[PDB]
Amino acid sequence: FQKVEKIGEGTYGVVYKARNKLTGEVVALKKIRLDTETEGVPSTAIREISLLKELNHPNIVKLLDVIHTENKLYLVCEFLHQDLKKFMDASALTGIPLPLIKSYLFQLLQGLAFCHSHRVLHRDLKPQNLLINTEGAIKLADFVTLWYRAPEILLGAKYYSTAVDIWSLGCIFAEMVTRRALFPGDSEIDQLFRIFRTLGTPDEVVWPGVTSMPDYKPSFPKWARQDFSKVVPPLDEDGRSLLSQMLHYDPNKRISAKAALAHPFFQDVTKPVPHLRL
Ligand SMILES: *CCC(=O)Nc1ccc(-c2ncccn2)cc1
């Protein structure tokens with residue numbers, strides 16, 4: 001295995017496309033600088049990470065191997081050619097076809113239903129972690145980030161649930177439809193305010209228990225909720241109906257991935273292929 005292209009860089013480290021010179025096998029290799037002063041990887045970290053290696057689903061990017069030294073953690077994952085962020089950039093003018101948004105959302109909910117039923121939460125879902133191929137598949141990888149963060153997390157809940165992934169996916173769904181991020185916060189308060197201005201300022205009625213959240217403030221400005229026809233033009237009523245349930249404030253009223261799969265939005269789901277130029 002040999003580095004053939006750099007496909008990502010950030011504060012975490014770097015991701016390469018790597019090719020086996022003999023077999024042609026291609027993998028994604030994510031190289032992570034530990035900064036633990038030669039102590040290696042926290043046992044918690046590797047155990048959490050190693051648990052991910054158990055996820056075996058066609059809509060989850062397979063964690064193939066973990067390799068770590070005193071200095072570095074290397075994750076080796078299955079490789080796919082493009083991410084959803086890149087694709088939505090490339091589809092800025094005409095948008096992603098609705099049948100393809102439909103297919104991708106159905107596929108991602110199958111993957112989350114699997115993870116969630118095996119007690120695993122992604123917690124950092126975003127368009128950049130969603131990978132696509134020229135076969136019409138989309139898969140969850142990497143198990144601002146702000147823009148997709150559930151309100152219970154922004155308000156400081158100590159324990160969060162699988163419902164935080166549904167929220168993120170709902171923001172991604174909206175973004176595929178409108179070709180702009182739904183809640184593009186310029187600060188952590190702006191993030192909240194952007195949510196409140198769309199869904200309404202939460203209170204104990206709409207969200208029982210919101211008042212116990214560490215960051216909850218009675219002094220929040222009071223906005224009224226907007227109709228979803230304004231939030232996601234021009235998605236049909238089936239789509240908006242599903243989107244609304246994925247974006248409920250109360251993580252207990254938020255739709256589950258298994259329930260979302262039965263929604264009538266998916267009645268006419270098929271498998272289009274996108275046109276990519278690699
Ligand atoms: C599974 C570990 C991991 O981080 N994997 C991963 C795979 C793929 C990418 C990627 N691939 C193509 C384009 C953009 N990003 C990042 C990380």
# chains A, B, ... in the order shown; residues from 1 in each chain; ligands from 1
call {"tool": "residues_around", "arguments": {"residues": "stretch 38-44 of chain A", "least_positions_apart": "5", "cutoff": "9 Å", "atoms": "only C-alpha atoms", "output": "PyMOL selection string"}}
result
chain A and resi 49+68-73
call {"tool": "residues_near_ligand", "arguments": {"ligand": "ligand 1", "cutoff": "9 Å", "atoms": "only C-alpha atoms and all ligand atoms", "output": "VMD selection string"}}
result
chain A and resid 7 to 8 14 to 17 27 to 31 61 to 64 74 to 86 128 to 132 140 to 143
call {"tool": "write_last_selection", "arguments": {"atoms": "C-alpha atoms", "output": "mmCIF file, in the first residue's frame"}}
result
data_model
loop_
_atom_site.group_PDB
_atom_site.id
_atom_site.type_symbol
_atom_site.label_atom_id
_atom_site.label_comp_id
_atom_site.auth_asym_id
_atom_site.auth_seq_id
_atom_site.Cartn_x
_atom_site.Cartn_y
_atom_site.Cartn_z
ATOM 1 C CA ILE A 7 -8.140 13.685 -0.294
ATOM 2 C CA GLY A 8 -8.459 15.636 2.987
ATOM 3 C CA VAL A 14 -4.882 13.989 6.859
ATOM 4 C CA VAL A 15 -6.648 11.451 4.646
ATOM 5 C CA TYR A 16 -4.991 9.736 1.653
ATOM 6 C CA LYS A 17 -6.192 7.517 -1.133
ATOM 7 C CA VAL A 27 -8.377 2.204 0.587
ATOM 8 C CA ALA A 28 -8.761 5.483 2.460
ATOM 9 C CA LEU A 29 -6.056 6.011 5.052
ATOM 10 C CA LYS A 30 -6.663 8.600 7.734
ATOM 11 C CA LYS A 31 -3.546 9.541 9.634
ATOM 12 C CA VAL A 61 -18.148 2.884 5.119
ATOM 13 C CA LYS A 62 -16.238 -0.150 6.500
ATOM 14 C CA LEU A 63 -13.504 0.474 9.063
ATOM 15 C CA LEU A 64 -10.965 -2.050 7.841
ATOM 16 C CA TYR A 74 -3.999 5.340 11.250
ATOM 17 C CA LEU A 75 -7.507 4.348 10.251
ATOM 18 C CA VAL A 76 -7.932 2.309 7.173
ATOM 19 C CA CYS A 77 -11.385 2.511 5.574
ATOM 20 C CA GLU A 78 -13.041 1.451 2.349
ATOM 21 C CA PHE A 79 -12.607 4.170 -0.297
ATOM 22 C CA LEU A 80 -15.338 5.909 -2.297
ATOM 23 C CA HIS A 81 -14.628 8.572 -4.891
ATOM 24 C CA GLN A 82 -16.625 11.621 -3.795
ATOM 25 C CA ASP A 83 -18.295 13.215 -0.825
ATOM 26 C CA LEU A 84 -21.789 14.726 -0.712
ATOM 27 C CA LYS A 85 -20.416 18.256 0.054
ATOM 28 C CA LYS A 86 -18.372 18.173 -3.169
ATOM 29 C CA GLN A 128 -18.360 15.884 4.092
ATOM 30 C CA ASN A 129 -18.732 12.504 5.952
ATOM 31 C CA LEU A 130 -21.223 11.122 3.443
ATOM 32 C CA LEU A 131 -19.560 9.313 0.526
ATOM 33 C CA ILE A 132 -21.038 8.540 -2.882
ATOM 34 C CA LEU A 140 -21.903 7.026 6.285
ATOM 35 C CA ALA A 141 -18.213 7.608 7.047
ATOM 36 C CA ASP A 142 -16.061 8.883 9.941
ATOM 37 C CA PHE A 143 -17.934 7.634 13.048
#
call {"tool": "residues_around", "arguments": {"residues": "stretch 145-151 of chain A", "least_positions_apart": "5", "cutoff": "7 Å", "atoms": "only C-alpha atoms", "output": "PyMOL selection string"}}
result
chain A and resi 124+126+164+167-168+171+183-185+191+249
call {"tool": "write_last_selection", "arguments": {"atoms": "N, CA, C and O atoms", "output": "PDB file, in the first residue's frame"}}
result
ATOM      1  N   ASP A 124     -21.473  13.056  14.513  1.00  0.00           N
ATOM      2  CA  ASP A 124     -20.838  14.178  13.790  1.00  0.00           C
ATOM      3  C   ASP A 124     -21.213  14.130  12.333  1.00  0.00           C
ATOM      4  O   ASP A 124     -20.386  14.319  11.459  1.00  0.00           O
ATOM      5  N   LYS A 126     -22.353  15.062   8.731  1.00  0.00           N
ATOM      6  CA  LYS A 126     -22.249  16.285   7.899  1.00  0.00           C
ATOM      7  C   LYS A 126     -22.014  15.858   6.448  1.00  0.00           C
ATOM      8  O   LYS A 126     -21.579  14.714   6.202  1.00  0.00           O
ATOM      9  N   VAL A 164     -29.911  12.441  18.007  1.00  0.00           N
ATOM     10  CA  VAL A 164     -28.995  13.516  17.500  1.00  0.00           C
ATOM     11  C   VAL A 164     -28.580  13.251  16.065  1.00  0.00           C
ATOM     12  O   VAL A 164     -28.325  14.201  15.311  1.00  0.00           O
ATOM     13  N   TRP A 167     -31.580  14.408  13.707  1.00  0.00           N
ATOM     14  CA  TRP A 167     -31.505  15.866  13.510  1.00  0.00           C
ATOM     15  C   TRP A 167     -30.506  16.199  12.383  1.00  0.00           C
ATOM     16  O   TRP A 167     -30.825  16.961  11.470  1.00  0.00           O
ATOM     17  N   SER A 168     -29.281  15.670  12.455  1.00  0.00           N
ATOM     18  CA  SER A 168     -28.223  15.991  11.503  1.00  0.00           C
ATOM     19  C   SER A 168     -28.635  15.597  10.131  1.00  0.00           C
ATOM     20  O   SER A 168     -28.479  16.371   9.216  1.00  0.00           O
ATOM     21  N   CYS A 171     -31.017  18.010   8.666  1.00  0.00           N
ATOM     22  CA  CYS A 171     -30.406  19.299   8.177  1.00  0.00           C
ATOM     23  C   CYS A 171     -29.769  19.037   6.827  1.00  0.00           C
ATOM     24  O   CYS A 171     -29.754  19.905   5.943  1.00  0.00           O
ATOM     25  N   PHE A 183     -28.906  25.860   8.643  1.00  0.00           N
ATOM     26  CA  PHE A 183     -28.678  26.561   9.863  1.00  0.00           C
ATOM     27  C   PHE A 183     -27.184  26.915   9.915  1.00  0.00           C
ATOM     28  O   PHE A 183     -26.424  26.318  10.662  1.00  0.00           O
ATOM     29  N   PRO A 184     -26.764  27.921   9.119  1.00  0.00           N
ATOM     30  CA  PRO A 184     -25.297  28.080   9.027  1.00  0.00           C
ATOM     31  C   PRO A 184     -24.784  29.053  10.066  1.00  0.00           C
ATOM     32  O   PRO A 184     -24.362  30.192   9.722  1.00  0.00           O
ATOM     33  N   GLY A 185     -24.812  28.628  11.317  1.00  0.00           N
ATOM     34  CA  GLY A 185     -24.407  29.482  12.443  1.00  0.00           C
ATOM     35  C   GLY A 185     -23.005  30.115  12.332  1.00  0.00           C
ATOM     36  O   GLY A 185     -22.048  29.401  12.023  1.00  0.00           O
ATOM     37  N   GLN A 191     -25.901  29.928  15.988  1.00  0.00           N
ATOM     38  CA  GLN A 191     -26.420  28.561  15.631  1.00  0.00           C
ATOM     39  C   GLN A 191     -27.796  28.337  16.246  1.00  0.00           C
ATOM     40  O   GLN A 191     -28.774  27.996  15.542  1.00  0.00           O
ATOM     41  N   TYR A 249     -37.903  19.519  18.177  1.00  0.00           N
ATOM     42  CA  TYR A 249     -36.999  19.889  19.290  1.00  0.00           C
ATOM     43  C   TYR A 249     -36.766  18.739  20.293  1.00  0.00           C
ATOM     44  O   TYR A 249     -35.626  18.447  20.682  1.00  0.00           O
TER      45      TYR A 249
END
call {"tool": "closest_residue", "arguments": {"among": "A:160, A:144, A:267, A:105", "to": "residue A:10", "atoms": "only C-alpha atoms"}}
result
A:144
call {"tool": "closest_residue", "arguments": {"among": "A:104, A:114, A:207, A:173", "to": "residue A:250", "atoms": "only C-alpha atoms"}}
result
A:207
call {"tool": "select_by_dssp", "arguments": {"residues": "stretch 209-239 of chain A", "states": "alpha helix (DSSP H)", "output": "ChimeraX atom specification"}}
result
/A:228-231,237-239
call {"tool": "write_last_selection", "arguments": {"atoms": "N, CA and C atoms", "output": "tab-separated table (two decimals), in the first residue's frame"}}
result
chain	number	residue	atom	x	y	z
A	228	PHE	N	-42.93	25.09	7.05
A	228	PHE	CA	-41.79	24.45	6.33
A	228	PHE	C	-41.75	24.73	4.83
A	229	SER	N	-42.91	25.09	4.26
A	229	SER	CA	-42.94	25.50	2.86
A	229	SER	C	-41.99	26.72	2.66
A	230	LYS	N	-41.72	27.49	3.70
A	230	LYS	CA	-40.75	28.58	3.57
A	230	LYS	C	-39.27	28.14	3.73
A	231	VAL	N	-39.06	27.16	4.60
A	231	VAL	CA	-37.79	26.57	4.91
A	231	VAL	C	-37.20	25.69	3.79
A	237	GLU	N	-45.27	18.20	0.08
A	237	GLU	CA	-45.79	18.02	1.46
A	237	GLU	C	-45.35	16.72	2.16
A	238	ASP	N	-45.23	15.59	1.45
A	238	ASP	CA	-44.63	14.36	2.02
A	238	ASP	C	-43.23	14.59	2.61
A	239	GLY	N	-42.40	15.24	1.82
A	239	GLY	CA	-41.02	15.61	2.20
A	239	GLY	C	-41.00	16.56	3.38
call {"tool": "atom_distance", "arguments": {"atom1": "atom CA of residue A:240", "atom2": "atom CA of residue A:265"}}
result
8.9 Å
call {"tool": "residues_around", "arguments": {"residues": "residue A:91", "least_positions_apart": "3", "cutoff": "12 Å", "atoms": "only C-alpha atoms", "output": "JSON, numbers by chain"}}
result
{"A": [84, 85, 86, 87, 88, 94, 95, 96, 97, 175, 176, 177, 178, 179, 180, 274, 275, 276]}
call {"tool": "write_last_selection", "arguments": {"atoms": "N, CA, C and O atoms", "output": "compact mmCIF listing (two decimals), in the first residue's frame"}}
result
# COMPACT_ATOMS: atom_id res chain seq x y z
N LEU A 84 -20.59 13.99 -0.45
CA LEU A 84 -21.79 14.73 -0.71
C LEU A 84 -21.57 16.28 -0.75
O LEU A 84 -22.21 16.98 -1.53
N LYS A 85 -20.68 16.79 0.07
CA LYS A 85 -20.42 18.26 0.05
C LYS A 85 -19.95 18.68 -1.33
O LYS A 85 -20.52 19.62 -1.94
N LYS A 86 -18.94 17.95 -1.83
CA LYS A 86 -18.37 18.17 -3.17
C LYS A 86 -19.40 18.06 -4.25
O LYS A 86 -19.46 18.91 -5.11
N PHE A 87 -20.23 17.00 -4.18
CA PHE A 87 -21.29 16.83 -5.09
C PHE A 87 -22.34 17.97 -5.07
O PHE A 87 -22.81 18.41 -6.12
N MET A 88 -22.76 18.40 -3.90
CA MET A 88 -23.72 19.53 -3.82
C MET A 88 -23.06 20.83 -4.34
O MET A 88 -23.70 21.56 -5.06
N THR A 94 -28.42 23.49 -10.93
CA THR A 94 -29.63 22.70 -11.23
C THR A 94 -30.12 21.90 -10.04
O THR A 94 -31.23 21.37 -10.10
N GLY A 95 -29.30 21.79 -8.99
CA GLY A 95 -29.65 21.00 -7.81
C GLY A 95 -29.54 19.51 -8.05
O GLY A 95 -29.37 19.05 -9.18
N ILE A 96 -29.60 18.77 -6.96
CA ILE A 96 -29.64 17.32 -7.01
C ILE A 96 -31.07 16.94 -7.36
O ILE A 96 -32.00 17.44 -6.76
N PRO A 97 -31.26 16.08 -8.36
CA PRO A 97 -32.62 15.62 -8.66
C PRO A 97 -33.34 15.07 -7.43
O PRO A 97 -32.74 14.32 -6.66
N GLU A 175 -30.62 20.69 3.06
CA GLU A 175 -29.50 21.27 2.31
C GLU A 175 -29.44 20.71 0.87
O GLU A 175 -29.26 21.48 -0.09
N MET A 176 -29.69 19.40 0.70
CA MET A 176 -29.80 18.82 -0.63
C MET A 176 -30.93 19.47 -1.42
O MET A 176 -30.76 19.71 -2.62
N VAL A 177 -32.05 19.77 -0.76
CA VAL A 177 -33.23 20.33 -1.42
C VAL A 177 -32.96 21.84 -1.82
O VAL A 177 -33.30 22.31 -2.92
N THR A 178 -32.39 22.57 -0.90
CA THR A 178 -32.37 24.08 -1.09
C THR A 178 -31.05 24.57 -1.66
O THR A 178 -30.89 25.81 -2.02
N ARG A 179 -30.07 23.66 -1.66
CA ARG A 179 -28.69 23.89 -2.10
C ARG A 179 -27.98 24.96 -1.28
O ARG A 179 -27.08 25.65 -1.80
N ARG A 180 -28.36 25.05 0.00
CA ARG A 180 -27.69 25.93 0.98
C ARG A 180 -27.87 25.31 2.37
O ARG A 180 -28.85 24.63 2.60
N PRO A 274 -25.90 9.16 -9.89
CA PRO A 274 -25.48 10.51 -10.28
C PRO A 274 -24.45 10.48 -11.41
O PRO A 274 -23.75 9.48 -11.61
N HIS A 275 -24.36 11.60 -12.12
CA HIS A 275 -23.35 11.78 -13.13
C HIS A 275 -22.15 12.47 -12.45
O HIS A 275 -22.18 13.66 -12.09
N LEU A 276 -21.11 11.69 -12.23
CA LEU A 276 -19.86 12.18 -11.64
C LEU A 276 -18.77 12.17 -12.70
O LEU A 276 -18.80 11.32 -13.64
call {"tool": "atom_distance", "arguments": {"atom1": "atom CA of residue A:24", "atom2": "atom CA of residue A:135"}}
result
19.6 Å
call {"tool": "closest_residue", "arguments": {"among": "A:99, A:111, A:170, A:13", "to": "residue A:58", "atoms": "only C-alpha atoms"}}
result
A:111
call {"tool": "atom_distance", "arguments": {"atom1": "atom CA of residue A:55", "atom2": "atom CA of residue A:120"}}
result
8.9 Å
call {"tool": "select_by_dssp", "arguments": {"residues": "stretch 14-250 of chain A", "states": "strand (DSSP E or B)", "output": "number ranges by chain"}}
result
A: 14-19, 26-33, 60, 63-68, 72-78, 82-83, 130-132, 138-140
call {"tool": "decode", "arguments": {"residues": "stretch 164-192 of chain A", "atoms": "N, CA and C atoms", "output": "short mmCIF file (atom, residue, chain, number, x, y, z; two decimals), in the first residue's frame"}}
result
data_model
loop_
_atom_site.label_atom_id
_atom_site.label_comp_id
_atom_site.auth_asym_id
_atom_site.auth_seq_id
_atom_site.Cartn_x
_atom_site.Cartn_y
_atom_site.Cartn_z
N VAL A 164 -29.91 12.44 18.01
CA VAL A 164 -29.00 13.52 17.50
C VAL A 164 -28.58 13.25 16.07
N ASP A 165 -28.59 11.97 15.63
CA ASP A 165 -28.26 11.71 14.24
C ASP A 165 -29.35 12.00 13.27
N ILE A 166 -30.59 11.77 13.68
CA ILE A 166 -31.74 12.14 12.89
C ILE A 166 -31.79 13.65 12.66
N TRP A 167 -31.58 14.41 13.71
CA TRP A 167 -31.50 15.87 13.51
C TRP A 167 -30.51 16.20 12.38
N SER A 168 -29.28 15.67 12.45
CA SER A 168 -28.22 15.99 11.50
C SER A 168 -28.64 15.60 10.13
N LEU A 169 -29.20 14.37 9.97
CA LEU A 169 -29.62 13.99 8.70
C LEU A 169 -30.73 14.89 8.14
N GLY A 170 -31.64 15.32 8.99
CA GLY A 170 -32.67 16.24 8.56
C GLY A 170 -32.08 17.54 8.03
N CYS A 171 -31.02 18.01 8.67
CA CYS A 171 -30.41 19.30 8.18
C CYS A 171 -29.77 19.04 6.83
N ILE A 172 -29.33 17.78 6.60
CA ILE A 172 -28.61 17.47 5.37
C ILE A 172 -29.63 17.36 4.27
N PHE A 173 -30.73 16.64 4.55
CA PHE A 173 -31.91 16.57 3.66
C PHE A 173 -32.32 17.96 3.17
N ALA A 174 -32.45 18.90 4.10
CA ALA A 174 -32.87 20.30 3.74
C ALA A 174 -31.88 20.96 2.79
N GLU A 175 -30.62 20.69 3.06
CA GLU A 175 -29.50 21.27 2.31
C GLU A 175 -29.44 20.71 0.87
N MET A 176 -29.69 19.40 0.70
CA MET A 176 -29.80 18.82 -0.63
C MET A 176 -30.93 19.47 -1.42
N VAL A 177 -32.05 19.77 -0.76
CA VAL A 177 -33.23 20.33 -1.42
C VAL A 177 -32.96 21.84 -1.82
N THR A 178 -32.39 22.57 -0.90
CA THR A 178 -32.37 24.08 -1.09
C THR A 178 -31.05 24.57 -1.66
N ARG A 179 -30.07 23.66 -1.66
CA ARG A 179 -28.69 23.89 -2.10
C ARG A 179 -27.98 24.96 -1.28
N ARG A 180 -28.36 25.05 0.00
CA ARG A 180 -27.69 25.93 0.98
C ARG A 180 -27.87 25.31 2.37
N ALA A 181 -26.90 25.48 3.28
CA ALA A 181 -27.02 24.90 4.65
C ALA A 181 -28.22 25.49 5.36
N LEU A 182 -28.95 24.66 6.12
CA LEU A 182 -30.19 25.14 6.69
C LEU A 182 -29.93 26.13 7.83
N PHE A 183 -28.91 25.86 8.64
CA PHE A 183 -28.68 26.56 9.86
C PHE A 183 -27.18 26.91 9.91
N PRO A 184 -26.76 27.92 9.12
CA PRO A 184 -25.30 28.08 9.03
C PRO A 184 -24.78 29.05 10.07
N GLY A 185 -24.81 28.63 11.32
CA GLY A 185 -24.41 29.48 12.44
C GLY A 185 -23.01 30.12 12.33
N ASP A 186 -22.91 31.43 12.57
CA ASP A 186 -21.60 32.18 12.66
C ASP A 186 -20.97 32.17 14.10
N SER A 187 -21.71 31.60 15.05
CA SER A 187 -21.27 31.42 16.43
C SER A 187 -22.13 30.35 17.04
N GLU A 188 -21.86 29.94 18.27
CA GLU A 188 -22.70 28.88 18.86
C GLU A 188 -24.11 29.42 19.27
N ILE A 189 -24.15 30.71 19.58
CA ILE A 189 -25.40 31.41 19.85
C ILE A 189 -26.14 31.73 18.56
N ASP A 190 -25.42 32.23 17.54
CA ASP A 190 -26.03 32.39 16.23
C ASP A 190 -26.61 31.01 15.74
N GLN A 191 -25.90 29.93 15.99
CA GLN A 191 -26.42 28.56 15.63
C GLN A 191 -27.80 28.34 16.25
N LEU A 192 -27.88 28.54 17.57
CA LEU A 192 -29.17 28.47 18.28
C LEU A 192 -30.21 29.41 17.75
#
